[PDB]
$ cat upload_18.pdb   # PDB, C-alpha atoms
ATOM      1  CA  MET A 318       2.563   4.957   7.893  1.00  0.00           C
ATOM      2  CA  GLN A 319       4.951   6.462   5.302  1.00  0.00           C
ATOM      3  CA  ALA A 320       4.206   7.481   1.752  1.00  0.00           C
ATOM      4  CA  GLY A 321       7.192   5.343   0.580  1.00  0.00           C
ATOM      5  CA  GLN A 322       6.009   2.058   2.158  1.00  0.00           C
ATOM      6  CA  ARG A 323       2.944   1.769  -0.165  1.00  0.00           C
ATOM      7  CA  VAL A 324       0.985   0.541   2.903  1.00  0.00           C
ATOM      8  CA  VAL A 325      -1.743   3.176   2.349  1.00  0.00           C
ATOM      9  CA  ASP A 326      -4.244   0.560   1.180  1.00  0.00           C
ATOM     10  CA  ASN A 327      -7.100   3.088   1.667  1.00  0.00           C
ATOM     11  CA  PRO A 328      -6.146   6.519   0.241  1.00  0.00           C
ATOM     12  CA  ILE A 329      -9.494   8.058   1.350  1.00  0.00           C
ATOM     13  CA  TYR A 330      -8.464   7.294   4.925  1.00  0.00           C
ATOM     14  CA  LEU A 331      -5.057   8.896   4.389  1.00  0.00           C
ATOM     15  CA  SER A 332      -6.629  12.078   3.043  1.00  0.00           C
ATOM     16  CA  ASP A 333      -9.127  12.081   5.923  1.00  0.00           C
ATOM     17  CA  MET A 334      -6.341  11.457   8.445  1.00  0.00           C
ATOM     18  CA  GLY A 335      -4.412  14.353   6.965  1.00  0.00           C
ATOM     19  CA  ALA A 336      -7.470  16.586   7.143  1.00  0.00           C
ATOM     20  CA  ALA A 337      -7.932  15.534  10.788  1.00  0.00           C
ATOM     21  CA  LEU A 338      -4.781  17.442  11.767  1.00  0.00           C
ATOM     22  CA  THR A 339      -6.481  20.704  10.746  1.00  0.00           C
ATOM     23  CA  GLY A 340      -7.671  22.899  13.607  1.00  0.00           C
ATOM     24  CA  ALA A 341     -10.701  24.166  11.658  1.00  0.00           C
ATOM     25  CA  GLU A 342     -14.033  24.421  13.489  1.00  0.00           C
ATOM     26  CA  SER A 343     -16.390  21.425  13.329  1.00  0.00           C
ATOM     27  CA  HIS A 344     -18.583  23.125  10.688  1.00  0.00           C
ATOM     28  CA  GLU A 345     -15.623  23.065   8.257  1.00  0.00           C
ATOM     29  CA  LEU A 346     -15.216  19.339   8.932  1.00  0.00           C
ATOM     30  CA  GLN A 347     -18.894  18.689   8.270  1.00  0.00           C
ATOM     31  CA  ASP A 348     -18.688  20.697   5.059  1.00  0.00           C
ATOM     32  CA  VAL A 349     -15.609  18.775   3.928  1.00  0.00           C
ATOM     33  CA  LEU A 350     -17.407  15.501   4.668  1.00  0.00           C
ATOM     34  CA  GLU A 351     -20.305  16.734   2.534  1.00  0.00           C
ATOM     35  CA  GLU A 352     -17.869  17.115  -0.371  1.00  0.00           C
ATOM     36  CA  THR A 353     -18.082  14.157  -2.746  1.00  0.00           C
ATOM     37  CA  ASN A 354     -15.523  14.970  -5.464  1.00  0.00           C
ATOM     38  CA  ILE A 355     -11.869  14.107  -4.735  1.00  0.00           C
ATOM     39  CA  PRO A 356      -9.970  17.227  -5.892  1.00  0.00           C
ATOM     40  CA  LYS A 357     -12.294  19.473  -3.938  1.00  0.00           C
ATOM     41  CA  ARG A 358     -11.738  17.649  -0.638  1.00  0.00           C
ATOM     42  CA  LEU A 359      -7.978  17.433  -1.189  1.00  0.00           C
ATOM     43  CA  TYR A 360      -7.852  21.117  -2.225  1.00  0.00           C
ATOM     44  CA  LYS A 361      -9.983  22.199   0.747  1.00  0.00           C
ATOM     45  CA  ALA A 362      -8.055  20.013   3.221  1.00  0.00           C
ATOM     46  CA  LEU A 363      -4.863  21.656   2.027  1.00  0.00           C
ATOM     47  CA  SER A 364      -6.569  25.023   2.404  1.00  0.00           C
ATOM     48  CA  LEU A 365      -7.524  24.237   5.996  1.00  0.00           C
TER      49      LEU A 365
ATOM     50  CA  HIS B 123      13.222 -23.894  -8.995  1.00  0.00           C
ATOM     51  CA  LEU B 124      10.101 -22.333  -7.430  1.00  0.00           C
ATOM     52  CA  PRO B 125       6.642 -21.391  -8.796  1.00  0.00           C
ATOM     53  CA  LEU B 126       6.049 -17.725  -9.587  1.00  0.00           C
ATOM     54  CA  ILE B 127       5.238 -15.294  -6.767  1.00  0.00           C
ATOM     55  CA  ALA B 128       2.127 -13.077  -6.520  1.00  0.00           C
ATOM     56  CA  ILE B 129       3.577  -9.550  -6.943  1.00  0.00           C
ATOM     57  CA  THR B 130       0.134  -8.024  -6.167  1.00  0.00           C
ATOM     58  CA  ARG B 131       0.657  -4.288  -6.946  1.00  0.00           C
ATOM     59  CA  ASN B 132       4.252  -3.941  -5.687  1.00  0.00           C
ATOM     60  CA  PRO B 133       7.064  -2.578  -7.914  1.00  0.00           C
ATOM     61  CA  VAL B 134      10.591  -3.712  -6.933  1.00  0.00           C
ATOM     62  CA  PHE B 135      12.940  -1.443  -8.853  1.00  0.00           C
ATOM     63  CA  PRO B 136      16.437  -2.929  -9.565  1.00  0.00           C
ATOM     64  CA  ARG B 137      18.914  -2.185  -6.715  1.00  0.00           C
ATOM     65  CA  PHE B 138      16.175  -0.621  -4.611  1.00  0.00           C
ATOM     66  CA  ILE B 139      15.165  -2.183  -1.285  1.00  0.00           C
ATOM     67  CA  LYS B 140      11.419  -2.773  -1.114  1.00  0.00           C
ATOM     68  CA  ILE B 141       8.893  -4.362   1.220  1.00  0.00           C
ATOM     69  CA  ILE B 142       6.107  -6.738   0.147  1.00  0.00           C
ATOM     70  CA  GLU B 143       2.977  -7.235   2.297  1.00  0.00           C
ATOM     71  CA  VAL B 144       0.435  -9.623   0.756  1.00  0.00           C
ATOM     72  CA  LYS B 145      -2.660 -10.031   2.928  1.00  0.00           C
ATOM     73  CA  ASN B 146      -2.987 -13.746   2.062  1.00  0.00           C
ATOM     74  CA  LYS B 147      -1.010 -16.241   4.211  1.00  0.00           C
ATOM     75  CA  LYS B 148      -0.290 -18.893   1.536  1.00  0.00           C
ATOM     76  CA  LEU B 149       2.998 -17.297   0.388  1.00  0.00           C
ATOM     77  CA  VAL B 150       4.312 -17.634   3.947  1.00  0.00           C
ATOM     78  CA  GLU B 151       4.025 -21.393   3.503  1.00  0.00           C
ATOM     79  CA  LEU B 152       6.537 -21.132   0.700  1.00  0.00           C
ATOM     80  CA  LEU B 153       8.746 -18.865   2.820  1.00  0.00           C
ATOM     81  CA  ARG B 154       8.869 -21.361   5.742  1.00  0.00           C
ATOM     82  CA  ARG B 155       9.404 -24.447   3.551  1.00  0.00           C
ATOM     83  CA  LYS B 156      12.775 -23.034   2.279  1.00  0.00           C
ATOM     84  CA  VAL B 157      14.354 -22.683   5.782  1.00  0.00           C
ATOM     85  CA  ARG B 158      15.917 -26.175   5.865  1.00  0.00           C
ATOM     86  CA  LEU B 159      17.693 -25.612   2.513  1.00  0.00           C
ATOM     87  CA  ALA B 160      21.328 -24.527   2.661  1.00  0.00           C
ATOM     88  CA  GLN B 161      20.911 -21.354   0.547  1.00  0.00           C
ATOM     89  CA  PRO B 162      17.410 -19.737   0.773  1.00  0.00           C
ATOM     90  CA  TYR B 163      16.509 -17.469  -2.189  1.00  0.00           C
ATOM     91  CA  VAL B 164      13.678 -15.949  -4.205  1.00  0.00           C
ATOM     92  CA  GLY B 165      13.206 -14.185  -7.535  1.00  0.00           C
ATOM     93  CA  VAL B 166      11.291 -10.976  -8.269  1.00  0.00           C
ATOM     94  CA  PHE B 167       9.315 -10.458 -11.499  1.00  0.00           C
ATOM     95  CA  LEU B 168       6.891  -7.856 -12.879  1.00  0.00           C
ATOM     96  CA  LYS B 169       3.178  -7.943 -13.684  1.00  0.00           C
ATOM     97  CA  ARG B 170       1.230  -6.760 -16.711  1.00  0.00           C
ATOM     98  CA  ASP B 171      -1.759  -4.378 -16.457  1.00  0.00           C
TER      99      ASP B 171
END
$ encode --input "upload_18.pdb" --output "structure tokens"
Amino acid sequence: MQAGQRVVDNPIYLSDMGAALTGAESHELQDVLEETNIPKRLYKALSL
Amino acid sequence: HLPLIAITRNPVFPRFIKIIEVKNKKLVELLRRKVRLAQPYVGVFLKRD
């Protein structure tokens, strides 16, 4: 699953999969799942 | 002398190796029907919006 293969048919899953690598406590994960807007979840996932 | 292919959101820049993965299986029928021919080949075109 590379970014150059264009096989990321579901970007939401790729952002979620990238946020899954974070070691943040479960609460942070629940809060990020609560987020609905896209730049906030990408921004927060990067922050984590 | 083949009908046009279904690009389906896949840019193939000139002189740039690319991979195409359509989910439908009907284009594979066209890929297997060309195996008995001496020279097998295909063309690449671009889509509009």
$ resolve_selection --input "upload_18.pdb" --expression "the PyMOL selection byres ((chain A) within 12 of (chain B))" --output "VMD selection string"
chain A and resid 321 to 326
$ resolve_selection --input "upload_18.pdb" --expression "the PyMOL selection byres ((chain A and resi 363) around 10)" --output "list in words"
residues 332, 335, 336, 339, 357, 358, 359, 360, 361, 362, 364 and 365 of chain A
$ residues_around --input "upload_18.pdb" --residues "segment 147-149 of chain B" --least-positions-apart "2" --cutoff "12 Å" --atoms "only C-alpha atoms" --output "list in words"
residues 124, 125, 126, 127, 128, 129, 130, 142, 143, 144, 145, 151, 152, 153, 154, 155, 156 and 164 of chain B
$ atom_distance --input "upload_18.pdb" --atom1 "atom CA of residue 137 of chain B" --atom2 "atom CA of residue 320 of chain A"
19.5 Å
$ atom_distance --input "upload_18.pdb" --atom1 "atom CA of residue 159 of chain B" --atom2 "atom CA of residue 138 of chain B"
26.0 Å
$ atom_distance --input "upload_18.pdb" --atom1 "atom CA of residue 353 of chain A" --atom2 "atom CA of residue 337 of chain A"
17.0 Å
